Amino acid sequence: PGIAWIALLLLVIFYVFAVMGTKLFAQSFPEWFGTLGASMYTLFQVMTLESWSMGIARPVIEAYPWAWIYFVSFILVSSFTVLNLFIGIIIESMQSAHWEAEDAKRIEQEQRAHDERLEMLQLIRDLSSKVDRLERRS
Amino acid sequence: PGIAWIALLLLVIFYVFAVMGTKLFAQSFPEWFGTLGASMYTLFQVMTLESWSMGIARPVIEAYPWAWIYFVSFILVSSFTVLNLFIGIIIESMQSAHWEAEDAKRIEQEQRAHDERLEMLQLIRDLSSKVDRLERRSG
Amino acid sequence: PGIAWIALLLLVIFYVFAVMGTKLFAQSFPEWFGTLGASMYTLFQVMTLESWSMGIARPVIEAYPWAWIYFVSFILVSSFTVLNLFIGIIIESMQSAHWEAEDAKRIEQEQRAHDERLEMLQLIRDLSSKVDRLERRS
Amino acid sequence: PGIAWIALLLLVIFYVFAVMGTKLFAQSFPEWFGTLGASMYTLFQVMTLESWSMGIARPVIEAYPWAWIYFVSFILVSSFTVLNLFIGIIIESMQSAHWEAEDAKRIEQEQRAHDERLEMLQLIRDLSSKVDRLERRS
Ligand SMILES: [Br-]
């Protein structure tokens, strides 16, 4: 039901990494990735982009050459997602702020101008027959 | 009166957390939380995501290993609540962009057109009576 | 001409503070605030919130208990300002791909509506006054 | 064809700035910019605004005091590129959310309307035919 459908997606990605992270790194880098719990904190820190490279990544990468893949990808994917959650919320927000409240009126104020054009049609009708009973009663 | 309603909600949070902040940490991190004033600053520094974990929190969490709840919550609560302000500004923004004007310029373009359908209408009734009478007068 | 009104504000706020701190601080922290061009950079990293407090502002605050004002003022100010270039460009963007084209397509679908409406008006006058004549002979 | 147009500029801006940087900074800062990969990673780092001044730029400026040009230009270019991609996504986001329909639901509503106005242009012409024959059949 909306943003919440990627709010969950974020949560999935995050966990999956926090596990991947505990699974490769927990050994040599336990302050960061020893427990699953460990890795989550460390990830949410990486997410905030607070000291991610110089603090967490770079030191981990000198332990494992390939390890950038894991940090870079996480940051990429994770940010792409957080970006959407944000736009999604923007949208959803002004969708209330304005478009709900207005698509309401542009419909209803145009209901009136339907009825108005109707009344006039019925009038033109009734008249159009009065005039053609003069053309009969003659 | 609008967003400044939510900018209150923020100043409240900040206070709740700087008090819970000094009441909690000033013995051990006197530099960061040693006073109320002090504890604000650090909360603003943390709020800006500047060194929040490696610099302030992770030293603190050595001290009280539960205090991540203090920091994580405060980043979420604090961040979510700033996002409402960045939204409601994007909004009050577009009010004055567009909505205000195009919104009153569609009330009006309707009025002029409604008033036209009303004149349009009068004459139809008018015509009717003229016909009504031509009809009676010669039955 | 619009967005680049705040852009000029931003650059000016910059100058006031660059000067401000090259005066305030230049003697005591000459590596950051020594020269004006010095402070221009320093206030740039700060604008990007990079190590502003742990590596710059806290260092200076120990010198000058009050300088905190200087930093937190700037962050606050130079943010709202940038936020408005984002907002400025966002709006003037949407205006560009959508609003412009619609505020005018709907102005024009109403010209047409009016004109059709106008024609119906003359048709009723002539009709109203055919009947006028016709009733006076009768 | 839209965004991944932009998302290639970003891609190329990176490429350029990464060679320029390896050529410029390899011998002096070999961990950061020693090879080309080095310098890409190091840029992604700088791009995320992570530590980019205290940990990278400022030490480099120590060695090449003009180097700030490299880093400040890079931040600006890359982050403005990034802003477009964001904006262009937020727009095509709004298009699909809303403008797609409100701009084609109004096409339809004012279709319907022209139809009714045309309906009665009809009977008002018809009734001018009647009242017309009324005058001739005198
Ligand atoms: Br009408």
# chains A, B, ... in the order shown; residues from 1 in each chain; ligands from 1

$ residues_near_ligand --ligand "ligand 1" --cutoff "9 Å" --atoms "only C-alpha atoms and all ligand atoms" --output "ChimeraX atom specification"
/A:113-114,116-117 /B:113-114,116-117 /C:113-114,116-117 /D:113-114,116-117

$ write_last_selection --atoms "C-alpha atoms" --output "PDB file, in the first residue's frame"
ATOM      1  CA  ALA A 113     -21.997  23.032 -15.255  1.00  0.00           C
ATOM      2  CA  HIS A 114     -23.300  19.709 -16.462  1.00  0.00           C
ATOM      3  CA  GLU A 116     -26.762  23.771 -15.854  1.00  0.00           C
ATOM      4  CA  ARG A 117     -26.376  22.665 -19.494  1.00  0.00           C
TER       5      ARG A 117
ATOM      6  CA  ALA B 113     -18.381  30.893 -17.822  1.00  0.00           C
ATOM      7  CA  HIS B 114     -21.099  30.226 -15.104  1.00  0.00           C
ATOM      8  CA  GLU B 116     -22.544  33.234 -19.193  1.00  0.00           C
ATOM      9  CA  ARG B 117     -24.600  30.055 -18.725  1.00  0.00           C
TER      10      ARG B 117
ATOM     11  CA  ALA C 113     -15.678  27.031 -24.899  1.00  0.00           C
ATOM     12  CA  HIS C 114     -16.555  30.670 -24.528  1.00  0.00           C
ATOM     13  CA  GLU C 116     -19.102  28.228 -28.767  1.00  0.00           C
ATOM     14  CA  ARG C 117     -21.088  29.618 -25.813  1.00  0.00           C
TER      15      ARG C 117
ATOM     16  CA  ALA D 113     -18.802  19.509 -22.409  1.00  0.00           C
ATOM     17  CA  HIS D 114     -18.319  20.529 -26.082  1.00  0.00           C
ATOM     18  CA  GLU D 116     -23.486  19.070 -24.841  1.00  0.00           C
ATOM     19  CA  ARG D 117     -22.869  22.610 -26.112  1.00  0.00           C
TER      20      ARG D 117
END

$ residues_around --residues "residue 11 of chain B" --least-positions-apart "3" --cutoff "12 Å" --atoms "only C-alpha atoms" --output "MDAnalysis selection string"
chainID B and resid 4:8 14:18 40 43:44 77:78 81:82

$ interface_residues --of "chain D" --to "chain A" --cutoff "9 Å" --atoms "only C-alpha atoms" --output "ChimeraX atom specification"
/D:41-42,44-45,48-51,55,86,89-90,93-94,97-98,102,106,109,113,116-117,119-120,123-124,126-127,130-131,133-134,137

$ write_last_selection --atoms "C-alpha atoms" --output "PDB file, in the first residue's frame"
ATOM      1  CA  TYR D  41      37.129   4.767  -5.307  1.00  0.00           C
ATOM      2  CA  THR D  42      38.733   7.913  -3.851  1.00  0.00           C
ATOM      3  CA  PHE D  44      33.234   8.090  -5.050  1.00  0.00           C
ATOM      4  CA  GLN D  45      34.433   8.779  -1.549  1.00  0.00           C
ATOM      5  CA  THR D  48      29.625  11.231  -1.134  1.00  0.00           C
ATOM      6  CA  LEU D  49      31.196  14.192   0.670  1.00  0.00           C
ATOM      7  CA  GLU D  50      32.729  11.604   3.036  1.00  0.00           C
ATOM      8  CA  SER D  51      35.750  13.062   4.799  1.00  0.00           C
ATOM      9  CA  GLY D  55      41.022  13.271   4.999  1.00  0.00           C
ATOM     10  CA  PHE D  86      17.249  13.498  -9.135  1.00  0.00           C
ATOM     11  CA  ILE D  89      13.433  11.487 -11.942  1.00  0.00           C
ATOM     12  CA  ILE D  90      11.130  13.575  -9.605  1.00  0.00           C
ATOM     13  CA  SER D  93       7.778  10.657 -11.249  1.00  0.00           C
ATOM     14  CA  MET D  94       5.083  13.337 -11.165  1.00  0.00           C
ATOM     15  CA  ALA D  97       1.703   9.839 -10.699  1.00  0.00           C
ATOM     16  CA  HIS D  98      -0.610  12.655 -11.657  1.00  0.00           C
ATOM     17  CA  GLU D 102      -5.250  15.090 -14.748  1.00  0.00           C
ATOM     18  CA  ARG D 106      -9.583  17.160 -18.396  1.00  0.00           C
ATOM     19  CA  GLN D 109     -14.321  16.276 -19.306  1.00  0.00           C
ATOM     20  CA  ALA D 113     -18.802  19.509 -22.409  1.00  0.00           C
ATOM     21  CA  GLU D 116     -23.486  19.070 -24.841  1.00  0.00           C
ATOM     22  CA  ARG D 117     -22.869  22.610 -26.112  1.00  0.00           C
ATOM     23  CA  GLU D 119     -26.233  19.362 -28.687  1.00  0.00           C
ATOM     24  CA  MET D 120     -28.094  22.491 -28.008  1.00  0.00           C
ATOM     25  CA  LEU D 123     -32.100  22.269 -31.101  1.00  0.00           C
ATOM     26  CA  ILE D 124     -31.594  26.023 -31.062  1.00  0.00           C
ATOM     27  CA  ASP D 126     -33.957  23.495 -35.171  1.00  0.00           C
ATOM     28  CA  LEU D 127     -36.238  25.818 -33.224  1.00  0.00           C
ATOM     29  CA  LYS D 130     -39.626  26.170 -36.807  1.00  0.00           C
ATOM     30  CA  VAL D 131     -40.144  29.802 -35.806  1.00  0.00           C
ATOM     31  CA  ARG D 133     -41.572  28.609 -40.997  1.00  0.00           C
ATOM     32  CA  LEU D 134     -43.981  30.155 -38.593  1.00  0.00           C
ATOM     33  CA  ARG D 137     -46.442  30.099 -43.368  1.00  0.00           C
TER      34      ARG D 137
END

$ interface_residues --of "chain B" --to "chain A" --cutoff "10 Å" --atoms "only C-alpha atoms" --output "VMD selection string"
chain B and resid 48 to 55 58 68 72 75 83 to 84 86 to 88 90 to 92 94 to 95 99 103 106 to 107 110 113 to 114 117 to 118 120 to 122 124 to 125 127 to 129 131 to 132 134 to 136 138 to 139

$ residues_around --residues "residue 17 of chain D" --least-positions-apart "3" --cutoff "12 Å" --atoms "only C-alpha atoms" --output "PyMOL selection string"
chain D and resi 9-14+20-25+33+36+39-44+46-47+69-75+77-78

$ write_last_selection --atoms "N, CA and C atoms" --output "PDB file, in the first residue's frame"
ATOM      1  N   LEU D   9      26.697  11.042 -18.363  1.00  0.00           N
ATOM      2  CA  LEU D   9      27.535  12.207 -18.113  1.00  0.00           C
ATOM      3  C   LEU D   9      28.281  11.978 -16.800  1.00  0.00           C
ATOM      4  N   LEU D  10      27.519  11.729 -15.724  1.00  0.00           N
ATOM      5  CA  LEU D  10      28.068  11.378 -14.412  1.00  0.00           C
ATOM      6  C   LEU D  10      29.162  10.377 -14.644  1.00  0.00           C
ATOM      7  N   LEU D  11      28.803   9.232 -15.220  1.00  0.00           N
ATOM      8  CA  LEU D  11      29.785   8.213 -15.598  1.00  0.00           C
ATOM      9  C   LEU D  11      31.065   8.713 -16.300  1.00  0.00           C
ATOM     10  N   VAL D  12      30.930   9.669 -17.213  1.00  0.00           N
ATOM     11  CA  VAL D  12      32.098  10.155 -17.938  1.00  0.00           C
ATOM     12  C   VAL D  12      32.862  11.199 -17.134  1.00  0.00           C
ATOM     13  N   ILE D  13      32.148  12.158 -16.534  1.00  0.00           N
ATOM     14  CA  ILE D  13      32.743  13.128 -15.578  1.00  0.00           C
ATOM     15  C   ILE D  13      33.701  12.438 -14.568  1.00  0.00           C
ATOM     16  N   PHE D  14      33.249  11.281 -14.096  1.00  0.00           N
ATOM     17  CA  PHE D  14      34.020  10.422 -13.240  1.00  0.00           C
ATOM     18  C   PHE D  14      35.284  10.011 -13.979  1.00  0.00           C
ATOM     19  N   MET D  20      42.683  12.386 -14.823  1.00  0.00           N
ATOM     20  CA  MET D  20      43.287  13.672 -14.470  1.00  0.00           C
ATOM     21  C   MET D  20      43.926  13.505 -13.078  1.00  0.00           C
ATOM     22  N   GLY D  21      43.180  12.910 -12.152  1.00  0.00           N
ATOM     23  CA  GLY D  21      43.648  12.700 -10.783  1.00  0.00           C
ATOM     24  C   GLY D  21      44.765  11.691 -10.584  1.00  0.00           C
ATOM     25  N   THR D  22      44.738  10.598 -11.341  1.00  0.00           N
ATOM     26  CA  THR D  22      45.833   9.641 -11.256  1.00  0.00           C
ATOM     27  C   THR D  22      47.088  10.199 -11.869  1.00  0.00           C
ATOM     28  N   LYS D  23      46.955  10.813 -13.041  1.00  0.00           N
ATOM     29  CA  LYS D  23      48.075  11.533 -13.607  1.00  0.00           C
ATOM     30  C   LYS D  23      48.555  12.580 -12.580  1.00  0.00           C
ATOM     31  N   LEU D  24      47.714  13.510 -12.179  1.00  0.00           N
ATOM     32  CA  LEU D  24      48.103  14.447 -11.129  1.00  0.00           C
ATOM     33  C   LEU D  24      48.685  13.934  -9.765  1.00  0.00           C
ATOM     34  N   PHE D  25      48.144  12.854  -9.213  1.00  0.00           N
ATOM     35  CA  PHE D  25      48.395  12.615  -7.799  1.00  0.00           C
ATOM     36  C   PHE D  25      48.990  11.253  -7.434  1.00  0.00           C
ATOM     37  N   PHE D  33      45.074   7.805  -4.889  1.00  0.00           N
ATOM     38  CA  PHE D  33      45.081   7.904  -6.355  1.00  0.00           C
ATOM     39  C   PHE D  33      46.281   7.161  -7.001  1.00  0.00           C
ATOM     40  N   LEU D  36      44.305   3.778 -11.328  1.00  0.00           N
ATOM     41  CA  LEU D  36      43.029   4.429 -11.734  1.00  0.00           C
ATOM     42  C   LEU D  36      41.843   4.024 -10.869  1.00  0.00           C
ATOM     43  N   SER D  39      41.803   5.927  -7.691  1.00  0.00           N
ATOM     44  CA  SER D  39      41.272   7.249  -7.874  1.00  0.00           C
ATOM     45  C   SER D  39      39.762   7.257  -8.162  1.00  0.00           C
ATOM     46  N   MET D  40      39.222   6.175  -8.681  1.00  0.00           N
ATOM     47  CA  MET D  40      37.803   6.152  -8.801  1.00  0.00           C
ATOM     48  C   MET D  40      37.245   6.061  -7.394  1.00  0.00           C
ATOM     49  N   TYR D  41      37.612   4.997  -6.677  1.00  0.00           N
ATOM     50  CA  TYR D  41      37.129   4.767  -5.307  1.00  0.00           C
ATOM     51  C   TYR D  41      37.232   6.087  -4.541  1.00  0.00           C
ATOM     52  N   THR D  42      38.457   6.619  -4.480  1.00  0.00           N
ATOM     53  CA  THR D  42      38.733   7.913  -3.851  1.00  0.00           C
ATOM     54  C   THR D  42      37.799   9.064  -4.305  1.00  0.00           C
ATOM     55  N   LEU D  43      37.366   9.068  -5.565  1.00  0.00           N
ATOM     56  CA  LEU D  43      36.374  10.041  -5.984  1.00  0.00           C
ATOM     57  C   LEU D  43      34.986   9.721  -5.480  1.00  0.00           C
ATOM     58  N   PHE D  44      34.573   8.450  -5.533  1.00  0.00           N
ATOM     59  CA  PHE D  44      33.234   8.090  -5.050  1.00  0.00           C
ATOM     60  C   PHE D  44      33.187   8.546  -3.636  1.00  0.00           C
ATOM     61  N   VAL D  46      34.867  11.070  -2.281  1.00  0.00           N
ATOM     62  CA  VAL D  46      34.758  12.544  -2.297  1.00  0.00           C
ATOM     63  C   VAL D  46      33.376  12.946  -2.754  1.00  0.00           C
ATOM     64  N   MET D  47      32.850  12.188  -3.706  1.00  0.00           N
ATOM     65  CA  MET D  47      31.562  12.523  -4.203  1.00  0.00           C
ATOM     66  C   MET D  47      30.549  12.448  -3.068  1.00  0.00           C
ATOM     67  N   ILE D  69      41.236  23.347  -6.595  1.00  0.00           N
ATOM     68  CA  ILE D  69      40.486  23.517  -7.806  1.00  0.00           C
ATOM     69  C   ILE D  69      39.896  22.149  -8.164  1.00  0.00           C
ATOM     70  N   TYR D  70      40.755  21.122  -8.256  1.00  0.00           N
ATOM     71  CA  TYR D  70      40.369  19.737  -8.562  1.00  0.00           C
ATOM     72  C   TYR D  70      39.178  19.248  -7.742  1.00  0.00           C
ATOM     73  N   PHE D  71      39.246  19.471  -6.434  1.00  0.00           N
ATOM     74  CA  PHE D  71      38.242  18.934  -5.544  1.00  0.00           C
ATOM     75  C   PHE D  71      36.977  19.767  -5.487  1.00  0.00           C
ATOM     76  N   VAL D  72      37.089  21.048  -5.757  1.00  0.00           N
ATOM     77  CA  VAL D  72      35.945  21.878  -5.537  1.00  0.00           C
ATOM     78  C   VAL D  72      35.137  21.779  -6.803  1.00  0.00           C
ATOM     79  N   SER D  73      35.786  22.029  -7.925  1.00  0.00           N
ATOM     80  CA  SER D  73      35.205  21.684  -9.200  1.00  0.00           C
ATOM     81  C   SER D  73      34.571  20.280  -9.187  1.00  0.00           C
ATOM     82  N   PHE D  74      35.285  19.258  -8.711  1.00  0.00           N
ATOM     83  CA  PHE D  74      34.670  17.941  -8.758  1.00  0.00           C
ATOM     84  C   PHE D  74      33.345  17.804  -7.985  1.00  0.00           C
ATOM     85  N   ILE D  75      33.352  18.127  -6.695  1.00  0.00           N
ATOM     86  CA  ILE D  75      32.142  18.244  -5.857  1.00  0.00           C
ATOM     87  C   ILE D  75      30.984  18.931  -6.600  1.00  0.00           C
ATOM     88  N   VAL D  77      30.525  20.090 -10.019  1.00  0.00           N
ATOM     89  CA  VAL D  77      30.140  19.308 -11.220  1.00  0.00           C
ATOM     90  C   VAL D  77      29.296  18.055 -10.907  1.00  0.00           C
ATOM     91  N   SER D  78      29.926  17.069 -10.272  1.00  0.00           N
ATOM     92  CA  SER D  78      29.298  15.802  -9.919  1.00  0.00           C
ATOM     93  C   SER D  78      28.015  15.923  -9.106  1.00  0.00           C
TER      94      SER D  78
END

$ select_by_dssp --residues "chain B" --states "alpha helix (DSSP H)" --output "number ranges by chain"
B: 4-25, 30-33, 36-47, 58-63, 68-94, 100-137
